[PDB]
Protein chains: 2
Amino acid sequence: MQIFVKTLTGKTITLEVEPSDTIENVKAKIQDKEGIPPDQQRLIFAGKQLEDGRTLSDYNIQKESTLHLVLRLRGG
Amino acid sequence: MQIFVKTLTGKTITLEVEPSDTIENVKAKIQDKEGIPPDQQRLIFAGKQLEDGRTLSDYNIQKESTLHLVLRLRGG
Ligand SMILES: [Mg+2]
């Protein structure tokens, strides 16, 4: 299924995922498409900062959902 | 000046800081007192995930302010 990722500059990424993908898998796919290290990615959805070991289905991320991606150089 | 840090278990940390301290300095002080690596710390205040290179004064963190600390193993 297709999901989207929006960035702070207004850009949209499209990803091919499954509900059983983990957030780790999703960040890895963003690295595959756009070269961003997973450790620099914060994915945010429905008011929650997403955890790498949980799945898309855990967060009710569905076909056509849009995640918010914020990049970071250090933790915070 | 004195600020406080609240955790998800309900515990309170007390820190001695200055408005010109960076968030990096604050996380380093939490490591000094409690041994938590800065890379595992997320400090959250007034609806903002705080950035390591900004100062307490940038976020209007004041005497008696309480930050929210959420620990993470991987970026998320
Ligand atoms: Mg130290």
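See above for the structure.
### What about the pattern of salt bridges?
1) Next: A complete count under the given rule lists eleven salt bridges over all chains for this structure.
2) Next: For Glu64 of chain B, the salt bridge identified is with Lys63 of chain B, shortest N-O distance 3.3 Å.
3) Next: Connected through salt bridges with shared partners, the residues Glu24, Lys27 and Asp52 of chain A together with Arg74 of chain B form a single ionic network.

### Notes on unusual backbone geometry
1) Next: Unusually for a residue other than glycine, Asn60 of chain A sits at a positive phi of about 60 degrees.
2) Next: Its place among the elements puts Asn60 of chain A in the loop between β4 (48-49) and β5 (66-71).
3) Next: One non-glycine residue, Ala46 of chain B, lies in the positive phi region at around 55 degrees.
4) Next: Mapped onto the fold, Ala46 of chain B is located in the loop between β3 (41-45) and β4 (48-49).

### Structural notes on the pairing of strand β2 (residues 12-16) of chain B
On any regular strand, side chains alternate: one points to one face of the sheet, the next to the other face.
All names here are of chain B.
1) Next: Where burial is concerned, the two faces of β2 differ: the one with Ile13 and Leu15 is buried and the one with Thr12, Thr14 and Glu16 is not.
2) Next: Of the pairings in the sheet, the one linking strand β1 (residues 2-7) to β2 comprises five bridges and is antiparallel in character. By the bridge assignment, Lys6 is partnered in β2 with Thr12.
3) Next: Two successive antiparallel strands, β1 and β2, enclose a turn made up of four residues, where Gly10 displays a positive phi of approximately 95 degrees.

### Here's the deal with the sheet that holds strand β2 (residues 12-16) of chain A
Residue and element names in this part refer to chain A.
1) Next: The strand order β2-β1-β5-β3-β4 describes an open sheet built from five strands, whose pairing is mixed. Taken across any chain shown, the strands that pair with only one partner, and hence form the sheet edges, are β2 and β4.
2) Next: Inspection of the sheet shows strand β3 (residues 41-45) paired to β5 by four bridges, in the antiparallel sense. Bridging across to β5, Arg42 finds its partner in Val70.
3) Next: Against the sheet, helix α1 (residues 23-34) contacts β1 (2-7), β2, β3 and β5, and its axis sits at roughly 120 degrees relative to β2.

### Brief notes about the relation of the copies chain A and chain B
1) Next: When chain A is fitted onto chain B, the two copies agree to an RMSD of 0.2 Å after a turn of 180 degrees and an axial shift of 0.0 Å. Such a turn and shift between the copies fits a two-fold axis. For chain A, the minimum C-alpha distance to the rotation axis belongs to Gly75 of chain A and amounts to 3.7 Å.
2) Next: Take the interface residues of chain A: 100% of them recur as interface residues in chain B, which is what a same-surface contact looks like.

Rules used in this analysis
Residues numbered from 1 in each chain as written, not as in the entry; some residues may be left out. Chains lettered and ligands numbered in written order. Heavy atoms only, no water. Salt bridge = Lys/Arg side-chain N within 4 Å of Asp/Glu carboxyl O. Helix = DSSP H or I, 4+ residues; strand = E, 2+ residues; numbered from the N terminus. Buried < 20%, exposed > 50% of the residue type's maximum accessible area, 1.4 Å probe, protein only. Pairing = 2+ DSSP bridges. Contact = heavy atoms within 4.5 Å. Axes fitted to C-alpha atoms, helices over the stretch in contact; angles between N-to-C directions. Least-squares fit on C-alpha atoms.

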